[PDB]
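Chemist: Sharing a structure here in structure tokens format.
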Amino acid sequence: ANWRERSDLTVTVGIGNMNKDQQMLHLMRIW
Amino acid sequence: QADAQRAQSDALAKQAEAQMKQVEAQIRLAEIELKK
């Protein structure tokens with residue numbers, strides 16, 4: 001839900017998100 | 001989707017080290033040194 005909602009409804013990564021979106025890989029791509 | 005997000009992070013919003021294209025390259029080098 002975080003990647004599919006937070007950056008979908010408001011695609012404003014930087015104002016409304018952070019670089020930790022790459023850390024999503026560390027929780028999804030890594031595992 | 002995580003790889004897509006990582007690629008967006010590496011491609012988009014990755015111009016921070018260049019000061020967002022150096023703020024239009026110092027605003028066109030002070031508008032061509034404000035003289036011609």
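Residue names in the structure tokens use chain letters A, B, ... in the order shown, residue numbers from 1 in each chain, and ligand numbers from 1 in the order shown.
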Would you write out, as CSV, a table of all residues in chain B that have an atom no more than 10 Å from an atom of region 6-30 of chain A, listing for each the closest atom pair and the distance in Å to one decimal, considering only C-alpha atoms and ordering rows by chain and rising residue number?

Modeler:
```
residue,atom,partner,partner_atom,distance
B:1,CA,A:25,CA,8.6
B:2,CA,A:25,CA,4.9
B:3,CA,A:25,CA,6.4
B:4,CA,A:25,CA,9.2
B:5,CA,A:22,CA,6.3
B:6,CA,A:22,CA,4.7
B:7,CA,A:22,CA,8.4
B:8,CA,A:22,CA,8.7
B:9,CA,A:22,CA,6.5
B:10,CA,A:22,CA,8.6
B:12,CA,A:13,CA,9.3
B:13,CA,A:14,CA,7.8
B:14,CA,A:19,CA,9.8
```

Chemist: Could you go through chain B and tell me which residues DSSP, when run on the backbone, assigns to alpha helix (DSSP H), listing them as a list in words?

Modeler: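 Filtering chain B to alpha helix (DSSP H) leaves residues 2, 3, 4, 5, 6, 7, 8, 9, 10, 11, 19, 20, 21, 22, 23, 24, 25, 26, 27, 28, 29, 30, 31, 32 and 33 of chain B.
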